[PDB]
Amino acid sequence: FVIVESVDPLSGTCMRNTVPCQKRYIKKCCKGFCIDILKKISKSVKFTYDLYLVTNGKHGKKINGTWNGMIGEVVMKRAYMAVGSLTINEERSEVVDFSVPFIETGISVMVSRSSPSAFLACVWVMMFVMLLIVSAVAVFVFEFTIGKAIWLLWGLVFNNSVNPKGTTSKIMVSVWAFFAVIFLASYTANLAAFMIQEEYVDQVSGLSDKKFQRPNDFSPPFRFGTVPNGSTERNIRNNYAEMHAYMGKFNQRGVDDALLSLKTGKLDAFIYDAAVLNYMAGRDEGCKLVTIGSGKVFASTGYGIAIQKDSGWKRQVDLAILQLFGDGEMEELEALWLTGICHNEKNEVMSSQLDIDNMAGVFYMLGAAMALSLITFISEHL
Amino acid sequence: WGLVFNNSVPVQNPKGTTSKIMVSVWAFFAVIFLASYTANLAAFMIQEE
Amino acid sequence: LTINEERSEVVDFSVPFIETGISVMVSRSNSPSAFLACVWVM
Amino acid sequence: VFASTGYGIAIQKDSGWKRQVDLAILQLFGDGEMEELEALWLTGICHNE
Amino acid sequence: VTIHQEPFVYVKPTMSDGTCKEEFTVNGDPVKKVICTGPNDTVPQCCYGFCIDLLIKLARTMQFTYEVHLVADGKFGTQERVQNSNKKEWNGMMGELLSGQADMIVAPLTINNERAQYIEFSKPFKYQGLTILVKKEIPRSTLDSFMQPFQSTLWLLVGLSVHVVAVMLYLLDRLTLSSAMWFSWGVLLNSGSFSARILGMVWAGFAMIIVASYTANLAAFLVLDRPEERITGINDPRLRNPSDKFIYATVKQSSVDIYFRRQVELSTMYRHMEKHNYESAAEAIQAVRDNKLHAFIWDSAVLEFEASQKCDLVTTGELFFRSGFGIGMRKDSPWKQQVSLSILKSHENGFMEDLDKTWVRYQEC
Amino acid sequence: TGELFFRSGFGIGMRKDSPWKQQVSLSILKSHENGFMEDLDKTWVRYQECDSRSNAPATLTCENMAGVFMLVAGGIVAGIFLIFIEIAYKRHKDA
Amino acid sequence: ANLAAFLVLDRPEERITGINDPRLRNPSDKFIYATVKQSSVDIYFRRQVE
């Protein structure tokens, strides 16, 4: 969303289109393509624009009985117009003038995935049908032996691996031989099916989840959260009480530093701005983490910069935005910033790994069916 | 060598008790060898030119 | 039109606006058995 | 590559713009907008290259 | 004159005394060679190259005594501002041509809108390319298969489980019970009471889907992500994102490097290229062997020759700053226009693909 | 379709200034604050009418394969007929 | 391998590339792509260069 640096020590100066600012007050390089969007804005706006550093507190928020922060800095009226992208906040909105969206945003917590047996319907219809034809051939044996023959051809049902003397009945079995042959083809076929085209999930349920709506109710802690004075988290103060409750263990510092915690993964995910989220997607070390859910909308909103309540450029400033989306060059703003790096906004990549207990689920599904056969065997004893 | 393709030789398995598992060596071995066959089946099955 | 040495020798020809070459292109309507070494060693 | 060459337009032998015209080409590839010329024409449709 | 470039030429010291090793081709011809004095890093040295070959056939069109020189500095040439008198000055081969130190320059350098007001040249001796040197990442994918990537715990777990199922079989029995090593486990390997027979079908489909699982494992062994190579395009984000994570650049004082040196959007990029620049394209192949940077950039077709040089490297995406090569031409030349004609005839004849036989057509990897 | 084109949204028509203007905007803000949005998805959007595929999860494949499998069943009935005719052939052939 | 054909297969693309999408960018009578008369986004087309 925002870039900065030191001015060029050789020349002691800014580069690119960058307009720097002082730091107390010492000039330091101020950068970033959204601020740039503000620049191209001021262009047709023709409004003298001189950068400043932020004093403290990242964005603005209520402090004690008052507010202290960027928005608060605006409330201080120490500046004509704001710089930096902070979410539209109804509270902050009620405070003073907020601009129109420069870009959309939302609440999100994104993470990584470090399978549901579907290999294991009407196939069974073909099975019982094959039992019917099995009866037919059992009749064909006229001109255990007939009864367990169902188990004989049924041997093919898995790779044969268990024969009647019927000469015509032999080819009658051969029916099940080619049939079950292509049925093995069906098995390896579904093996291709799951073998290709997987999806899975980390199953994010949103603000509320098993791991969220009843987070303490599970065995491990699943930590999804943000840093001090989270704006979207301020919405979470409204969203859920247990949220801000568990937020204590969820305590974390730094944004990119939080991404580092993701590299550690000591927490479930990191609640943050969905815009900032996707940002965290594009810039990364490699492909590990994934969006909060798919990036499904959670607390639809946007961030941006603004000016004092009832300011000069206000309407016309919004019009400047109207130009901004007008030319379509905002696409080129992605090209300046939001353009995709990690990409992968759709494809599921590869889950390739060995088998796991998830694979073992079907194994259990048969192993218990054995016990079912034991109960029915006691019924045979009855 | 019957295993070399899917077993399927009607003829007279040997009666050796230890020799049985000795065959079982070729059973798992040739099993994953079938895995090798279907594996190359994946190979050509993917990535053609 | 392609730079043609003949035509080039004729009169002034510009520099390349874009590259070109001789070609004849087609389709494949309907593989070399490679399913069928050290495997045999095993 | 078969018979590496190119097509295009030109003028009479020893014409006015000649050198400078080539220079105009130098601009043409200069800005890189020839990529945008693909975007005007040569851009891929069938892709699958 | 030129600089030794394996894509362009094979240039090494002379053999013993004024000696050049005589060797036929891979196709068996003993292609010609030449010699040029120069420094090795001012001494007599040897000259051989498919480019140099194009000089050979070139004079073979218009007879002229072939003289071969080296390049004092490393670069090709560039208009350059001095520390005094404030005059932009082409350098090197360009400068040496302004110096006229040789008849006509020969090298695989691009016609530059820069070089325009400096010098002229004919149509491309070949259609060439320039892009970012791409380094191949190490694929592995190897496995012991059902050994390696199959159910690390469950490989044995389901097995002893099957031993327990065998205990259920012997239960159905109550040796024949002791025969379960053959019956149930034999069912597993498929290696050769009507109530329990159902359980027969049970361990049966069980192993069926098990082998199936091994097949899926084969699919893992083949199909797999092996994630992308980056190297997107002129807009490539990795290149477009200033940081210290990755290193992508080209050598100092190069023609395409100048294609960066006059730019708008590339600003931060070429800025990085300042601290990231290198000297020799050979030094680029070297730093690649070292995997020194994250990425490099040079003449693209040349980099295809580098693909012939080593497998540790990759082919970049597509065309960047389409250009080509030719003969150095200062003002007008007595050999100028007819020389261009010679190029034309070169395109007409197969001496091009023949040059591929000299170098390009060789498939190394 | 592919991706975003001309990012935009919806709202309430406002002419010049409105007595309900700014506070109405506030109402929107509160709307974003509350879940009435996702509730509106419940009104319409959240309803999932159809699936979304990429590949062809046919792993069932059954009713499709019914021609080949049931075709094998045809081989079975053919087993009845040809086994009866051939049954007379070898049976009476021994007679 | 036949099963692999039954699963893996091309099923070629959907076109619909982007604002630069060639099919849309290539005037002809082959394909028909448009929006309704007198619409807002239609106006987003009505003021344009490319």
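Here the Cβ is made from the backbone with ideal geometry for all residues, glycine too, and neighbour counts use every protein chain on show. Rule-based calculations on the coordinates, nothing more; no lab input.
Pick out the one residue from E:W203, E:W182 that is surrounded by fewer than 23 Cβ atoms within 10 Å (Cβ to Cβ) and either within 7 Å of chain A (Cβ to nearest Cβ) or among the hydrophobic types (A, V, I, L, M, F, W, C) (or both).
On the way: E:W203 fails: surrounded by fewer than 23 Cβ atoms within 10 Å (Cβ to Cβ).
Only one candidate qualifies: E:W182.
Is region E:59-73 home to any residue that is of a type in the set (A, V, I, L, M, F, W, C) and not in a loop (DSSP other than H, G, I, E, B)? Don't jump to the end; show me each part of the working.
Within region E:59-73, the first condition is being of a type in the set (A, V, I, L, M, F, W, C), and the residues that meet it are E:59, E:62, E:64, E:68, E:70-72.
Subset that is not in a loop (DSSP other than H, G, I, E, B): E:59, E:70.
Yes; the residues of region E:59-73 include at least one that is of a type in the set (A, V, I, L, M, F, W, C) and not in a loop (DSSP other than H, G, I, E, B).
Got at least one residue in region A:142-156 being at the interface with another protein chain (Cβ under 8 Å from one of its Cβ atoms) and basic (K, R)?
The answer is yes; a qualifying residue exists.
For region G:2-24, enumerate the residues that are over 19 Å from F:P57 (Cβ atoms) and either polar (S, T, N, Q) or facing another protein chain (nearest Cβ under 7 Å) (or both).
Of everything in region G:2-24, those that are over 19 Å from F:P57 (Cβ atoms) and either polar (S, T, N, Q) or facing another protein chain (nearest Cβ under 7 Å) (or both) turn out to be G:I16, G:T17, G:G18, G:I19, G:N20, G:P22, G:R23.
Restricting attention to region E:331-364, and to residues there that are among the hydrophobic types (A, V, I, L, M, F, W, C) and either part of a loop (DSSP other than H, G, I, E, B) or more than 10 Å from chain C (Cβ to nearest Cβ) (or both), which single residue is nearest to the chain's Cα centre (by Cα)?
Filtering region E:331-364 for residues that are among the hydrophobic types (A, V, I, L, M, F, W, C) and either part of a loop (DSSP other than H, G, I, E, B) or more than 10 Å from chain C (Cβ to nearest Cβ) (or both), the one nearest to the chain's Cα centre (by Cα) comes out as E:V360.
So E:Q286 ticks every box in (1) surrounded by 15 or more Cβ atoms within 10 Å (Cβ to Cβ); (2) farther than 24 Å from C:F17 by Cβ but one. Which box is left unticked?
(1)
Does E:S333 count as among the polar types (S, T, N, Q) and either out of contact with any helix residue (DSSP H, G or I) (no Cβ under 9 Å at 6 or more places or on another chain) or at positive phi (or both)?
no
Do we find a residue being within 30 Å of A:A281 (Cα to Cα) and in a loop (DSSP other than H, G, I, E, B) anywhere in region E:248-256?
no
Conditions first: (1) within 14 Å of chain E (Cβ to nearest Cβ); (2) more than 29 Å from E:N113 (Cβ to Cβ); (3) in a loop (DSSP other than H, G, I, E, B). C:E6 passes all but one, so which condition is the exception?
Among (1) within 14 Å of chain E (Cβ to nearest Cβ); (2) more than 29 Å from E:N113 (Cβ to Cβ); (3) in a loop (DSSP other than H, G, I, E, B), the lone unmet condition for C:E6 is (3).
Can we say F:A56 is outside any helix (DSSP H, G or I) and either surrounded by 12 or more Cβ atoms within 10 Å (Cβ to Cβ) or facing chain A (nearest Cβ under 10 Å) (or both)? Lay out the reasoning, then the answer.
Details: outside any helix (DSSP H, G or I): yes; either surrounded by 12 or more Cβ atoms within 10 Å (Cβ to Cβ) or facing chain A (nearest Cβ under 10 Å) (or both): yes.
Here the answer is yes, as F:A56 does meet what is asked.
Only one of these is under 26 Å from A:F194 (Cβ atoms) and exposed (fewer than 14 other Cβ atoms within 10 Å of the Cβ): A:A360, A:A368. Name it.
One residue alone meets the criteria, A:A368.
Name the residue that is surrounded by the most Cβ atoms within 10 Å (Cβ to Cβ), counting only residues in region G:16-33 that are among the polar types (S, T, N, Q) and under 13 Å from the mean Cα position of the chain (by Cα).
Checked region G:16-33; the qualifying residue surrounded by the most Cβ atoms within 10 Å (Cβ to Cβ) is G:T17.
For region E:185-200, give me each residue that is more than 13 Å from chain B (Cβ to nearest Cβ) and either under 60 Å from the mean Cα position of the chain (by Cα) or within 20 Å of B:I32 (Cα to Cα) (or both).
E:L199, E:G200
Suppose the filter is farther than 19 Å from E:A116 by Cβ, polar (S, T, N, Q) and part of a strand (DSSP E or B); does E:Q83 pass it?
no
Restricting region A:225-248 to residues that are closer than 17 Å to A:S300 by Cα and of a type in the set (V, I, T), which is surrounded by the most Cβ atoms within 10 Å (Cβ to Cβ)?
A:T232
Take A:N344 and tell me if it is loosely packed, with under 13 Cβ neighbours inside 10 Å and within 30 Å of E:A219 (Cβ to Cβ).
No; evaluated as a whole, the condition is false for this residue.
Spot the failing condition for D:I9; the list is (1) more than 10 Å from the chain's Cα centre (by Cα); (2) assigned to a loop (DSSP other than H, G, I, E, B); (3) under 20 Å from E:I343 (Cα atoms), and only one is missed.
Status for D:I9: all satisfied but (1).
Can you run down the residue pairs with Cβ atoms below 6 Å, 6 or more apart or on separate chains, where the first is in region F:11-36 and within 11 Å of chain A (Cβ to nearest Cβ) and the partner is among the polar types (S, T, N, Q) and in a helix (DSSP H, G or I)?
Between residues of region F:11-36 that are within 11 Å of chain A (Cβ to nearest Cβ) and residues that are among the polar types (S, T, N, Q) and in a helix (DSSP H, G or I), the close pairs are F:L29/A:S93.
Can you find, within region A:181-216, the residue that is nearest to the other protein chains (Cβ to nearest Cβ) among those that are more than 24 Å from A:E348 (Cα to Cα) and within 23 Å of the chain's Cα centre (by Cα)?
Ranking the candidates gives A:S208 first.
Which of the residues that make up region E:86-129 are in a loop (DSSP other than H, G, I, E, B), over 26 Å from E:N349 (Cα atoms) and not charged (D, E, K, R)?
Here is the first cut: in region E:86-129, the residues in a loop (DSSP other than H, G, I, E, B) are E:86-87, E:90-91, E:99-105, E:108-112, E:119, E:121-125.
Subset that is over 26 Å from E:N349 (Cα atoms): E:86-87, E:90-91, E:99-102, E:112, E:119.
Correct list: E:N86, E:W90, E:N91, E:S99, E:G100, E:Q101, E:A102, E:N112, E:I119.
One line per residue, one yes/no per condition, for (1) under 22 Å from A:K40 (Cα atoms); (2) assigned to a helix (DSSP H, G or I); (3) out of contact with any helix residue (DSSP H, G or I) (no Cβ under 8 Å at 6 or more places or on another chain):
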| site | (1), (2), (3) |
| --- | --- |
| A:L319 | yes, yes, yes |
| A:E331 | yes, yes, yes |
| A:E334 | yes, yes, yes |
| A:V349 | no, no, yes |
| A:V362 | no, yes, no |
| A:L372 | no, yes, yes |
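Considering only residues that are among the aromatic types (F, W, Y) and in a helix (DSSP H, G or I), look in region E:257-289 and name the one that is farthest from E:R238 (Cα to Cα).
Kept after step one, since they are among the aromatic types (F, W, Y), are these residues of region E:257-289: E:259-260, E:270, E:278.
Adding the requirement that they be in a helix (DSSP H, G or I) leaves E:259-260, E:270.
On the way: E:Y259: 19, E:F260: 17, E:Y270: 14 Å.
That would be E:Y259.
Which count do you get for residues in region E:90-139 that are more than 12 Å from every other protein chain (Cβ to nearest Cβ) and either among the small types (G, A, S) or on the phi > 0 side of the Ramachandran plot (or both)?
Counting residues in region E:90-139 that are more than 12 Å from every other protein chain (Cβ to nearest Cβ) and either among the small types (G, A, S) or on the phi > 0 side of the Ramachandran plot (or both) gives 6.
Kindly list, by first and then second residue, each pair from a residue in region B:37-48 that is more than 9 Å from chain G (Cβ to nearest Cβ) to a residue that is surrounded by fewer than 21 Cβ atoms within 10 Å (Cβ to Cβ) and small (G, A, S), limited to pairs with Cβ atoms under 8 Å and residues at least 6 apart or on different chains.
That search, which allows pairs on different chains as well, returns B:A39/E:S145; B:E48/C:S31.
When you go through A:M350, A:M330 one by one, which is the residue that is surrounded by 17 or more Cβ atoms within 10 Å (Cβ to Cβ) and within 27 Å of the chain's Cα centre (by Cα)? Full working, then the answer.
On the way: A:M350 fails: surrounded by 17 or more Cβ atoms within 10 Å (Cβ to Cβ).
Step by step, each of A:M350, A:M330 is checked, and only A:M330 is surrounded by 17 or more Cβ atoms within 10 Å (Cβ to Cβ) and within 27 Å of the chain's Cα centre (by Cα).
All but one of (1) loosely packed, with under 10 Cβ neighbours inside 10 Å; (2) closer than 27 Å to D:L42 by Cβ; (3) more than 10 Å from every other protein chain (Cβ to nearest Cβ) hold for G:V36, so report the exception by its number.
Going through the list (1) loosely packed, with under 10 Cβ neighbours inside 10 Å; (2) closer than 27 Å to D:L42 by Cβ; (3) more than 10 Å from every other protein chain (Cβ to nearest Cβ), G:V36 breaks only (2).
Looking at E:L172, E:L239, E:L189, can you tell me which residue is touching a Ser or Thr at 6+ places or on another chain (Cβ under 6 Å), of a type in the set (A, V, I, L, M) and over 30 Å from G:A1 (Cα atoms)?
Numbers: E:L239 fails: touching a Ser or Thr at 6+ places or on another chain (Cβ under 6 Å); E:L189 fails: over 30 Å from G:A1 (Cα atoms).
Criteria check complete, one pass: E:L172.
Right, F:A88: at the interface with chain A (Cβ under 8 Å from one of its Cβ atoms) and either surrounded by 14 or more Cβ atoms within 10 Å (Cβ to Cβ) or out of contact with any strand residue (DSSP E or B) (no Cβ under 8 Å at 6 or more places or on another chain) (or both) or not?
no
Could you look through region E:125-147, keep only residues that are buried (at least 20 other Cβ atoms within 10 Å of the Cβ) and closer than 30 Å to E:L218 by Cα, and pick out the one that is farthest from the chain's Cα centre (by Cα)?
Across region E:125-147, the extreme among qualifying residues is E:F146.
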